[PDB]
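Undergrad: Input: one structure, supplied below.
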Amino acid sequence: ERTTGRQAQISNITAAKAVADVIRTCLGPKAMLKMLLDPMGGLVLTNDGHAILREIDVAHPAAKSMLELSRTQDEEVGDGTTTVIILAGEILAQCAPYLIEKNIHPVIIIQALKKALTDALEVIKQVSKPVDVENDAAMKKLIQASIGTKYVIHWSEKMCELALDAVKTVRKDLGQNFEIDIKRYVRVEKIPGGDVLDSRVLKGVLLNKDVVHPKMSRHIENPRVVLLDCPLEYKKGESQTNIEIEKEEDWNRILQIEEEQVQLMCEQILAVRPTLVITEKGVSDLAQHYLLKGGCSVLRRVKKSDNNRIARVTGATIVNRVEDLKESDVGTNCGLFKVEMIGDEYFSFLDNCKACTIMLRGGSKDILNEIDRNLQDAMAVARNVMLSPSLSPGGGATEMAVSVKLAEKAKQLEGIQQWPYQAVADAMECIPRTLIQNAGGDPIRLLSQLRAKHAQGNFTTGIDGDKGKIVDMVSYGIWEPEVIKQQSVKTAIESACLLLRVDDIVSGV
Amino acid sequence: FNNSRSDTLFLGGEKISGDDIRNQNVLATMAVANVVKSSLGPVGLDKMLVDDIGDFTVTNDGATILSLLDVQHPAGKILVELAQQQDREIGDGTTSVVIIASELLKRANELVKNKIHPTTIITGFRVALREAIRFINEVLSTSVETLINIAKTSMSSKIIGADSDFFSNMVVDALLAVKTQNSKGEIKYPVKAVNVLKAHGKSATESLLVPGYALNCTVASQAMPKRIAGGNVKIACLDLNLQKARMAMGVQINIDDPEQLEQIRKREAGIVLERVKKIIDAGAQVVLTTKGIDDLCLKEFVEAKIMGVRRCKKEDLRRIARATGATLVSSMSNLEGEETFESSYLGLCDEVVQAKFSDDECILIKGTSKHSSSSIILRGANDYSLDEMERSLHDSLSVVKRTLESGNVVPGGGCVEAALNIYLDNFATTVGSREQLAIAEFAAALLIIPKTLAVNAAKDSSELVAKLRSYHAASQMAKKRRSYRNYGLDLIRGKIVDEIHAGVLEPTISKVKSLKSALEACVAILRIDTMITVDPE
Amino acid sequence: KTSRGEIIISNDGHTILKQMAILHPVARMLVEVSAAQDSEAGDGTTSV
Amino acid sequence: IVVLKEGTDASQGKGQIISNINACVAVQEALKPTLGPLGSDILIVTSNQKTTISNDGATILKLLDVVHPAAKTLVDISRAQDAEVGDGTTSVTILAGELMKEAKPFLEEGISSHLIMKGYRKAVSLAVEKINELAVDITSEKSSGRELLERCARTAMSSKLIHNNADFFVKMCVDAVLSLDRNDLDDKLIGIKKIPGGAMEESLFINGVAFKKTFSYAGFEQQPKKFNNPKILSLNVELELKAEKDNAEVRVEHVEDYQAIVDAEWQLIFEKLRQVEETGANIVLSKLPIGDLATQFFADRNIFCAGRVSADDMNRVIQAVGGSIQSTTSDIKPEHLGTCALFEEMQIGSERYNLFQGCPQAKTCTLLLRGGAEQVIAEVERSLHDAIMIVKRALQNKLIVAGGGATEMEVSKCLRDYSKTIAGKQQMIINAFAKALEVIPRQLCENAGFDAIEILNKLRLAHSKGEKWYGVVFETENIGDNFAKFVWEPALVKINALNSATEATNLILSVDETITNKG
Amino acid sequence: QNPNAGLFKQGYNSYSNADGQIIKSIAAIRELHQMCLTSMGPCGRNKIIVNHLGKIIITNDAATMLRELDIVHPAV
Ligand SMILES: Nc1ncnc2c1ncn2[C@@H]1O[C@H](COP(=O)(O)OP(=O)(O)O)[C@@H](O)[C@H]1O
Ligand SMILES: Nc1ncnc2c1ncn2[C@@H]1O[C@H](COP(=O)(O)OP(=O)(O)O)[C@@H](O)[C@H]1O
Ligand SMILES: Nc1ncnc2c1ncn2[C@@H]1O[C@H](COP(=O)(O)OP(=O)(O)O)[C@@H](O)[C@H]1O
Ligand code: BEF
Ligand code: BEF
Ligand code: BEF
Ligand code: BEF
Ligand code: BEF
Ligand SMILES: [Mg+2]
Ligand SMILES: [Mg+2]
Ligand SMILES: [Mg+2]
């Protein structure tokens, strides 16, 4: 029913702490795969944090808040998902003692944490170095960084390629910020089989819809594309259109009219001399015929999302009513119209030998979803940099810097206001630690050394994954988008600040 | 213990009389109040309220806690509907109008147990209020920034308060910018404008205050522009829908000759198509219908790079239009014609852009002819905190609309309470009798706010409550020297301070209605002596 | 608190008796005399 | 997945302490009406089905079952009060509760309980001494030896069903505290008897001793049923042929031995039997049987008897006729027997009652009670034990205080005045206890109807402004000198009361976590 | 759907420490600790423990409270 007092507080903290506990063995280069079972049927074999926590229903309110943190974070940057959860926990946990043990009110611990966040954020931008968003080589060895710790690493280079080759493709600066809608303009397409490398980033689209009529062009050299909303069949009246006939030879009259309007429609289209007509709706058998000899291949039923991406790699602006069909609505700038038959399943291409279609190949419909998600992380950190050319010391280095500059300051602040501040510092340290642990090396040992080396000797010094020894980032490098280090710490400290505002929990609508 | 039986007077239900019921009422009000007595003050804290599905919401808005908390029992609902009155009237002061009410009953009841008729207690509380309301105008004052202050102290018991300075500013700013004259003078600050939005991402501080308005929509067809105008734009705030007509509900198209079939048919498309043209042909670069758009009659806007948004919030267009000076086009007519009248009905806006916010992406009409308007957009950790950020951004930003509309504030900090207390307390002897105990109780009862404002800090609040007590008790000795009421509590530090100086301001209009109201309840309940509960069906 | 669940408060007898749920037949009779006290005087429904 | 208690409720917190207080308040408010001269009375029909009606607050709080730990202490301190004193039981709880009530404000405002506990602690100490300080010791200070026991058994017998037949019972009450040796007042001697029927005052005070009529054997109806100075033989065991119990084996191989052993049995009895006759007695009583043959014998030679007398009876029988129990019939010497002034076998309330009335040499009386219902006789016996027990503790302590709220109201004065000199936390707490004592005067007025507010308030003036015995004129509703009006109660009550009442109050204020185990 | 392995004993509950058990236990202890942490000292408070046979008990002492309770956590 009800639970006021530290009772509340505790269960919240423990709850939140437990959330972390699950995916903590998923943060690191040697991170394991949490094969989860969804209710609907299938499975999820991913190790990408947010993709795990999504597939786990929780009860305790805090555990629900803690769980959605991984989502809002997966919405800002594509990466840094697992990290925010672990941090968001350790913060609450590291407050636990001064929260009750040292009887500090939640207002005070909040007043400090909100303060320690800003200072902490400084130390992030302070250690961050900028980068050439255009230097293909830098972007690659940047995207590569956030491809490690995932099944997609055995082709790491191959991945950053398909990543950049797609981030830049749908990009479109615009200024009067840079707009990169990976979502609506980079439709992926996972096709079972082949090899990983056998996957490319076609600059166009790929529909499996075949051709409306047999004897129709399998591939127009340079096709003239015409995209339209409206269907291709005899329309009807949006009023009480009811016909009364007693005039004998009138049946034939009307029944004919239908053929007649389908004709007109074919005309208006055929007019601008098209070779490829792709409509979102249907295609009357009649209309097929008049578009056959009219000289063009037809494609019926294609999703809006599928269509509007075509209209960016054909230029062919989509148009509804045909009696208004302009000639500006061309089909210029569009290579071939291949129709490769991929294992008993016909496809259609529209490459040009603004929106690309990443086509992945692996070894199962299952294994592909691993790739797709892994790729998304790549293609997202690429976008981040595109809109914030700043990077942060990976290997948990940044995380340790903030640990010290804060630890130092806290110790030199004096007042009850110090303890909560001190905790944010002590908290931060958990990431290089989770890393060192999931590496196998001795946490107490490596950290003391990493922390010390940090205290003076440079701040771009994190821990090396497969190794387990402290290395300098600059050295073997593994910087990550500075944006990630923003959110991870922004919302984590917020989460903590929210849950700490709770002193009572109640049940009933 | 436990009431029971019937014997005579056969009634289709329950019926408690006297002591039994009279206590039940007091217990009721008590419980419903005590749930939210731990949310009072800056040191007060929020709570999570889970349903049956498991979801929940964390919030300090006493009125929503009592709303969200299922209350079954008259005297329980009463204080949940009284907590409502406040949030509906002034807009803040909920959590407190209840705590007072409960305290008045609880107390008044005690007097009855002492053998003091309910009425004699009632008139007594009535006079304690007359004197108390009057006196309230002897601590208040005209606006002499008091605004960024009011807006701040109203965020103490809230989540938005850790970043007080920030929002306290964004609050007044946003509101002010929207003021109007309603009808015949007035000059009322929109009790609801400033479309507030929220989106998870970034810091709590990174909340933007649009320099115009935020309409929450995309752009119909992805084919049209996502940003238009840098200098000037013509906004078409419609209402009528641009989709393929359907004629009168009772207009059968009876065809006798196969000829007319095709003709009247395609006519349908054009009828509502002409309507489209007569609008583009006005300089319309931005169209904001309310009743949606066709995809046919959209391509017309697209072919012409006209940002045209479908089925918008009509509650926004009404304000998007007063803000671009435009006109909410109900239907192009005027006398007997048809046109959206080129720029006659259109609005002048500086720029219409579709800004993104991670996941989401909405439209902004920033900078306009006669807009003045604003709109805030919260950004937090997740929806749980976000709902609440706004939740209290409102319970705060409301305190401002009233400080404005009513130029008069009083020093909060549990000062008002303390003052009234000792004044009414001493004043209580100005009638003596049994009636003394009444006023006395009334006054004494008010010290609930200062006590509980502090007890929410764990420490032995008997300290401050004593100090603050004494002070006023003394100040009203030549109330002469250098009279100094306005002395409230500073729980953050644990000492009595001058709240007017410190910056703890609250509009008079609140504590004046919060009081007159809470008693109106207590009395209607004080008169309750038998509760007949009919059996339902 | 009526059968419907609507809550009411008053000193007007005719209205308390009316909404009271009196069961005995000759008992219901009182409500009618208080009813008529309301129909002629309009006051004293309690006293009658 | 693990646990630490197996589904067994347990609450804690600050509310926990408040729950307990209120809990006790209930059990408290329950008895508040049974207070004062014009006090209401209760009718409890326990789950037992036995219906009772009384005012002994102890007896009520004993029939309420009550399981709440906290609130259950009010049941304990009420029982002790009916022990170390015998009266005031109703009040020990009213106060005990009331204090806990006045502790709420502090506990709520956010004050330590250890501080409230201290505050009340002094308050009692001071209040207790103040009573000792007013405990008007007398002896012939215009009070007399009997007028103290009367004047005190009276006021205390007020507010009980036995009231309007006061005089009758106080004269009866005192007479029975005196019946026993004033050197060792043992209740167990005043043995009471209840007789179905009769007026609630047609009750009889036996000077010697009275007991049932266990006389369950044939051959009775002979034996005079009345003697003046009979020679009572307070014998302890047997008087049956074959013996009532115990045996052995008789094995004989001779026909004559059979008839021989028989004649022996008989003579074996008869002898022991005449052995009693030899004592030259008129009344032969025994805590064991008196067989058909036995009682038949004495019947022949006009000697009266009774077998199987109540154990606790023979002891009052001894103390009446001054006999002395004898187990065998052999060494029966004459200082062993006893003699009263008069013996008779009554037919009181359709029930024959052997009674040895008139015994100027007794140290133990007996008294039969009457009533129109087994509930009223029952309430008398309890309304009278509350008096007898107060007369008894008024011999041992000729120290008395005028109640009727006075003592209570005054002890408030000095306590409230004292708090002035303290100031602060201890001020309010000790000043609270002072006000908390006002409950007895307060309630006492509400119960009867007097203007609780005015009569109280008017008392505070005059009492604090002098008159250290001003209480409440039960008669003309107004304040008055209850010492002058003769409303006396030994100080032994109030002193035990406030000690023991507060005990409960801090015992509760000390508990922060109550863990009820289930099972 | 989900399988289950390596089981051949009877229906027990094995809390391997490699599952953050040491802390699960610290928890259980942490709970009964707070009960004793306020009973110590003159400023200590009492607790009313109500017997599993139903008897009231009030004591400042710690070894007694614990005795009268139905503890179950092995680490406790
Ligand atoms: N190559 C590596 N060697 C050491 N640390 C790495 C390496 N790769 C990722 N990191 C660090 O581990 C974290 C990223 O791990 P990951 O498992 O990808 O979690 P997320 O889901 O948040 O990306 C960051 O702190 C990053 O600095
Ligand atoms: N800065 C402050 N310092 C002391 N008291 C404050 C301060 N801020 C608000 N208060 C007081 O706290 C109470 C309002 O808090 P809250 O719990 O939000 O009540 P409501 O929810 O009814 O506004 C009022 O007594 C107000 O005067
Ligand atoms: N004659 C009386 N006039 C005024 N007060 C009386 C009188 N008789 C007894 N009292 C007071 O009434 C209270 C005793 O109440 P009672 O109903 O007798 O229960 P108990 O004696 O068991 O507490 C005490 O305050 C006692 O002093
Ligand atoms: F492992 Be993370 F989501 F890239
Ligand atoms: F919670 Be309150 F109404 F500010
Ligand atoms: F109660 Be009455 F009808 F005024
Ligand atoms: F009820 Be009391 F023992 F006089
Ligand atoms: F003094 Be301890 F509780 F044995
Ligand atoms: Mg990553
Ligand atoms: Mg407020
Ligand atoms: Mg008595």
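Every chain in the structure tokens takes a letter, A first, then B, and so on in the order presented; its residues are numbered from 1, and the ligands are numbered from 1 following the presented order.
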Which residues are close to residue 418 (chain B), i.e. within 8 Å by only C-alpha atoms, leaving aside same-chain residues fewer than 3 positions away? Reply as JSON, numbers by chain.

TA: {"B": [414, 415, 421, 422, 446, 447, 450, 468, 469, 472]}

Undergrad: Please check which protein, DNA or RNA residues sit within 8 Å of ligand 5, counting only C-alpha atoms and all ligand atoms, and write them as a PyMOL selection string.

TA: chain B and resi 39-40+60-63+87+91-96+154-158+392+395-396

Undergrad: For chain D, report every residue with an atom at most 9 Å from chain E (counting only C-alpha atoms), formatted as a ChimeraX atom specification.

TA: /D:1-6,8,10,69-70,114,507-519

Undergrad: Write a file of the selected residues as a compact mmCIF listing (two decimals), in the first residue's frame, keeping C-alpha atoms.

TA:
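The result, stored in again-v6.txt:
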# COMPACT_ATOMS: atom_id res chain seq x y z
CA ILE D 1 14.42 -13.95 -3.58
CA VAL D 2 15.07 -14.20 0.31
CA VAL D 3 13.07 -12.96 3.31
CA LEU D 4 13.54 -11.98 7.01
CA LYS D 5 10.23 -12.59 8.99
CA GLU D 6 7.60 -14.81 7.15
CA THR D 8 4.34 -10.99 10.15
CA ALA D 10 5.25 -4.68 12.19
CA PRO D 69 -0.39 -3.73 23.06
CA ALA D 70 -0.36 0.00 23.79
CA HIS D 114 12.61 11.43 25.64
CA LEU D 507 5.73 3.27 28.59
CA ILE D 508 3.81 4.14 25.43
CA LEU D 509 5.79 7.29 24.56
CA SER D 510 8.86 5.06 24.74
CA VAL D 511 7.78 2.66 22.01
CA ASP D 512 8.72 3.55 18.43
CA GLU D 513 8.30 0.18 16.69
CA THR D 514 5.63 -2.39 17.37
CA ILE D 515 6.26 -5.79 15.80
CA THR D 516 3.25 -8.04 15.97
CA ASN D 517 4.07 -11.61 15.13
CA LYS D 518 1.42 -13.65 13.29
CA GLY D 519 0.66 -17.21 14.28

Undergrad: Residues within 6 Å of ligand 3 (only C-alpha atoms and all ligand atoms), as a ChimeraX atom specification?

TA: /D:34-37,39,56-57,87-91,155-156,158-159,403-405,440,472,474,487

Undergrad: Counting only C-alpha atoms and all ligand atoms, what residues are within 10 Å of ligand 6, given as a list in words?

TA: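 The neighbouring residues of ligand 6 are, in order, residues 10, 11, 12, 13, 14, 15, 16, 34, 35, 37, 38, 41, 42, 43, 44, 45, 46, 47 and 48 of chain C.
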
Undergrad: Give the residues close to ligand 9, within 6 Å, counting only C-alpha atoms and all ligand atoms; write them as a PyMOL selection string.

TA: chain A and resi 79-80+146

Undergrad: Using DSSP secondary structure from the backbone, list all helix (DSSP H, G or I) positions within region 92-311 of chain A, as a PyMOL selection string.

TA: chain A and resi 92-101+106-127+136-143+145-147+151-170+182-185+248-271+285-292+304-310

Undergrad: Using only C-alpha atoms, which of B:25, B:433, B:373, B:119 sits nearest residue 457 (chain D)?

TA: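 Going through B:25, B:433, B:373, B:119 one by one, the smallest distance to residue 457 (chain D) is for B:433.
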
Undergrad: What are the residues of chain B lining chain A at 7 Å or less? Count only C-alpha atoms, and put the answer as number ranges by chain.

TA: B: 43, 45-52, 54, 68-70, 162, 200-203, 246-247, 252-256, 258, 265, 296, 299, 358-359, 381-382, 384-385

Undergrad: Keeping only N, CA and C atoms, write the selected residues to a file as a CSV table (one decimal), in the first residue's frame.

TA:
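What ended up in selection04.csv:
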chain,number,residue,atom,x,y,z
B,43,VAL,N,11.4,22.3,2.2
B,43,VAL,CA,12.0,21.0,2.7
B,43,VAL,C,11.0,19.9,2.4
B,45,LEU,N,8.7,17.1,0.2
B,45,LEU,CA,9.1,16.3,-0.9
B,45,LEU,C,8.0,15.6,-1.6
B,46,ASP,N,8.3,15.3,-2.9
B,46,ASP,CA,7.3,14.7,-3.8
B,46,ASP,C,7.1,13.2,-3.5
B,47,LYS,N,6.1,12.6,-4.1
B,47,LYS,CA,5.8,11.3,-3.9
B,47,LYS,C,5.4,10.6,-5.2
B,48,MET,N,5.6,9.3,-5.3
B,48,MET,CA,5.2,8.5,-6.5
B,48,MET,C,3.9,7.9,-6.3
B,49,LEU,N,2.9,8.0,-7.2
B,49,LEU,CA,1.6,7.4,-7.0
B,49,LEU,C,1.3,6.4,-8.2
B,50,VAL,N,1.5,5.1,-7.9
B,50,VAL,CA,1.3,4.0,-8.9
B,50,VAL,C,-0.1,3.6,-8.9
B,51,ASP,N,-0.5,3.2,-10.1
B,51,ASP,CA,-1.9,2.7,-10.3
B,51,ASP,C,-2.0,1.2,-10.2
B,52,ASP,N,-2.7,0.6,-11.0
B,52,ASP,CA,-3.0,-0.8,-11.1
B,52,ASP,C,-2.1,-1.5,-12.2
B,54,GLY,N,0.6,-0.4,-12.9
B,54,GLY,CA,2.0,-0.3,-12.5
B,54,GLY,C,2.6,1.1,-12.8
B,68,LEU,N,-5.5,12.3,-7.6
B,68,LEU,CA,-4.9,11.0,-8.0
B,68,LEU,C,-5.2,9.9,-6.9
B,69,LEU,N,-5.2,10.3,-5.7
B,69,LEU,CA,-5.5,9.5,-4.6
B,69,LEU,C,-7.0,9.2,-4.5
B,70,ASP,N,-7.4,8.0,-4.7
B,70,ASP,CA,-8.9,7.7,-4.7
B,70,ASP,C,-9.5,7.9,-3.3
B,162,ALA,N,15.3,23.3,-8.0
B,162,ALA,CA,16.7,23.2,-7.8
B,162,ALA,C,17.3,24.2,-8.8
B,200,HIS,N,12.2,14.8,-23.8
B,200,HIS,CA,13.3,14.1,-23.1
B,200,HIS,C,14.6,14.1,-23.9
B,201,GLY,N,15.5,14.8,-23.2
B,201,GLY,CA,16.9,15.0,-23.8
B,201,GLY,C,17.5,16.2,-23.2
B,202,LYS,N,18.8,16.2,-23.1
B,202,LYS,CA,19.6,17.3,-22.6
B,202,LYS,C,19.3,17.6,-21.1
B,203,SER,N,19.9,18.7,-20.7
B,203,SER,CA,19.7,19.1,-19.3
B,203,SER,C,18.4,19.7,-19.0
B,246,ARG,N,-18.1,16.6,-50.5
B,246,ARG,CA,-19.1,15.5,-50.5
B,246,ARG,C,-20.6,15.9,-50.7
B,247,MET,N,-20.8,17.2,-50.9
B,247,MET,CA,-22.1,17.8,-51.1
B,247,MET,C,-23.0,17.7,-49.9
B,252,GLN,N,-28.8,13.5,-53.3
B,252,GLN,CA,-28.6,12.3,-54.2
B,252,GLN,C,-28.3,12.8,-55.6
B,253,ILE,N,-27.3,12.2,-56.1
B,253,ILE,CA,-26.9,12.4,-57.5
B,253,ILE,C,-27.6,11.3,-58.2
B,254,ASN,N,-28.7,11.7,-58.9
B,254,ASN,CA,-29.4,10.7,-59.6
B,254,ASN,C,-29.1,10.9,-61.1
B,255,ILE,N,-28.5,9.9,-61.7
B,255,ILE,CA,-28.1,10.0,-63.1
B,255,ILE,C,-29.2,9.3,-63.9
B,256,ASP,N,-29.6,10.0,-65.0
B,256,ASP,CA,-30.6,9.6,-66.0
B,256,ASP,C,-30.0,9.4,-67.4
B,258,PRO,N,-26.1,8.7,-69.0
B,258,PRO,CA,-24.7,8.3,-68.7
B,258,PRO,C,-23.6,9.4,-68.9
B,265,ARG,N,-18.6,14.3,-61.4
B,265,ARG,CA,-17.6,13.5,-60.7
B,265,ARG,C,-16.3,14.3,-60.5
B,296,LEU,N,-4.4,15.3,-52.0
B,296,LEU,CA,-4.6,15.8,-53.4
B,296,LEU,C,-4.4,17.3,-53.2
B,299,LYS,N,-0.7,18.4,-52.5
B,299,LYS,CA,0.3,18.4,-53.6
B,299,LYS,C,0.3,19.9,-54.2
B,358,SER,N,15.2,15.4,-31.0
B,358,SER,CA,15.5,14.0,-30.7
B,358,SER,C,14.2,13.3,-30.7
B,359,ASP,N,14.1,12.2,-31.6
B,359,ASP,CA,12.8,11.5,-31.7
B,359,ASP,C,11.9,12.6,-32.3
B,381,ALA,N,15.1,14.3,-17.9
B,381,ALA,CA,15.6,13.0,-18.0
B,381,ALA,C,14.6,12.0,-18.6
B,382,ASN,N,13.4,12.1,-18.3
B,382,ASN,CA,12.3,11.3,-18.9
B,382,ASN,C,11.0,11.9,-18.6
B,384,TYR,N,8.6,11.0,-16.6
B,384,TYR,CA,8.3,11.0,-15.1
B,384,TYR,C,8.7,12.3,-14.4
B,385,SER,N,9.8,12.8,-14.7
B,385,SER,CA,10.3,14.1,-14.2
B,385,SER,C,9.7,15.3,-14.9

Undergrad: Using only C-alpha atoms, find which residues of chain E lie within 12 Å of chain A and jot them down as a list in words.

TA: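 Written out as asked, the residues are residues 1, 2, 3, 19, 20, 23, 24, 27, 30, 31, 34 and 37 of chain E.
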
Undergrad: Tell me which of C:17, C:7, C:26, C:31 sits closest to chain B, counting only C-alpha atoms.

TA: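 Comparing C:17, C:7, C:26, C:31 against chain B, the winner is C:7.
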
Undergrad: Please identify the strand (DSSP E or B) residues within region 414-489 of chain D (assignment by DSSP from backbone atoms) and present them as an MDAnalysis selection string.

TA: chainID D and resid 470 473 478 481 488:489

Undergrad: Can you write out the residues you just picked, keeping N, CA, C and O atoms, as a PDB file, in the first residue's frame?

TA:
ATOM      1  N   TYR D 470     -11.185  23.379  47.174  1.00  0.00           N
ATOM      2  CA  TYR D 470     -12.353  23.728  46.399  1.00  0.00           C
ATOM      3  C   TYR D 470     -12.510  22.735  45.295  1.00  0.00           C
ATOM      4  O   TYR D 470     -11.570  22.473  44.551  1.00  0.00           O
ATOM      5  N   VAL D 473     -19.593  21.272  44.173  1.00  0.00           N
ATOM      6  CA  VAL D 473     -20.779  21.063  44.976  1.00  0.00           C
ATOM      7  C   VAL D 473     -21.763  20.242  44.172  1.00  0.00           C
ATOM      8  O   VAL D 473     -22.564  20.778  43.405  1.00  0.00           O
ATOM      9  N   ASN D 478     -22.044  24.181  41.664  1.00  0.00           N
ATOM     10  CA  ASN D 478     -21.130  25.295  41.896  1.00  0.00           C
ATOM     11  C   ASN D 478     -19.894  24.740  42.614  1.00  0.00           C
ATOM     12  O   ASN D 478     -19.917  23.632  43.133  1.00  0.00           O
ATOM     13  N   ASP D 481     -15.949  23.942  49.099  1.00  0.00           N
ATOM     14  CA  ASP D 481     -14.925  23.228  49.854  1.00  0.00           C
ATOM     15  C   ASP D 481     -15.380  21.800  50.084  1.00  0.00           C
ATOM     16  O   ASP D 481     -16.232  21.537  50.940  1.00  0.00           O
ATOM     17  N   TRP D 488     -14.310  12.977  51.382  1.00  0.00           N
ATOM     18  CA  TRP D 488     -12.967  12.470  51.634  1.00  0.00           C
ATOM     19  C   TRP D 488     -12.621  11.125  50.997  1.00  0.00           C
ATOM     20  O   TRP D 488     -13.467  10.233  50.893  1.00  0.00           O
ATOM     21  N   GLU D 489     -11.351  11.003  50.600  1.00  0.00           N
ATOM     22  CA  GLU D 489     -10.777   9.806  49.982  1.00  0.00           C
ATOM     23  C   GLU D 489      -9.343   9.780  50.496  1.00  0.00           C
ATOM     24  O   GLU D 489      -8.714  10.834  50.574  1.00  0.00           O
TER      25      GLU D 489
END

Undergrad: Extract, using only C-alpha atoms, all DNA, RNA and protein residues at most 12 Å from region 456-473 of chain A, discarding same-chain residues fewer than 4 positions from it, and format them as an NGL selection string.

TA: :A and (27-31 or 123-124 or 126-129 or 145 or 148-149 or 391-405 or 429 or 431-443 or 445-452 or 477-480)

Undergrad: Please, what distance in Å, to one decimal, runs between CA of residue 187 (chain D) and CA of residue 361 (chain D)?

TA: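 If I compute the distance from CA of residue 187 (chain D) to CA of residue 361 (chain D), I get 18.0 Å.
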
Undergrad: Can you tell me which residues surround region 267-269 of chain D at a distance of at most 12 Å, considering only C-alpha atoms, apart from same-chain residues fewer than 3 positions away, and format the answer as a list in words?

TA: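 Here the qualifying residues turn out to be residues 238, 239, 240, 241, 242, 243, 260, 261, 262, 263, 264, 272, 273, 274, 275, 276, 290, 291, 293, 294, 297 and 329 of chain D.
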
Undergrad: Generate the output file for the selected residues, C-alpha atoms, as a PDB file, in the first residue's frame.

TA:
ATOM      1  CA  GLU D 238     -14.643 -37.553  57.564  1.00  0.00           C
ATOM      2  CA  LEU D 239     -17.531 -39.163  59.422  1.00  0.00           C
ATOM      3  CA  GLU D 240     -18.813 -41.911  57.164  1.00  0.00           C
ATOM      4  CA  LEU D 241     -19.079 -45.647  57.712  1.00  0.00           C
ATOM      5  CA  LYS D 242     -17.086 -47.301  54.877  1.00  0.00           C
ATOM      6  CA  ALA D 243     -15.036 -44.036  54.788  1.00  0.00           C
ATOM      7  CA  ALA D 260     -16.327 -60.310  62.961  1.00  0.00           C
ATOM      8  CA  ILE D 261     -14.657 -57.781  60.754  1.00  0.00           C
ATOM      9  CA  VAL D 262     -18.113 -56.352  60.035  1.00  0.00           C
ATOM     10  CA  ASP D 263     -19.010 -55.692  63.659  1.00  0.00           C
ATOM     11  CA  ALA D 264     -15.583 -54.081  63.843  1.00  0.00           C
ATOM     12  CA  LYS D 272     -15.051 -41.901  66.560  1.00  0.00           C
ATOM     13  CA  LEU D 273     -18.673 -40.818  66.304  1.00  0.00           C
ATOM     14  CA  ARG D 274     -19.425 -40.870  70.010  1.00  0.00           C
ATOM     15  CA  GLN D 275     -15.970 -39.362  70.405  1.00  0.00           C
ATOM     16  CA  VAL D 276     -17.597 -36.273  68.963  1.00  0.00           C
ATOM     17  CA  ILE D 290     -21.185 -36.677  57.338  1.00  0.00           C
ATOM     18  CA  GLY D 291     -22.838 -39.858  56.012  1.00  0.00           C
ATOM     19  CA  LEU D 293     -25.837 -42.943  59.460  1.00  0.00           C
ATOM     20  CA  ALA D 294     -23.622 -40.286  60.976  1.00  0.00           C
ATOM     21  CA  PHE D 297     -27.026 -40.415  64.946  1.00  0.00           C
ATOM     22  CA  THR D 329     -11.492 -37.527  66.988  1.00  0.00           C
TER      23      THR D 329
END

Undergrad: Can you measure CA of residue 323 (chain B) to CA of residue 147 (chain B) for me? One decimal in Å is fine.

TA: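 Between these atoms lies a distance of 24.3 Å.
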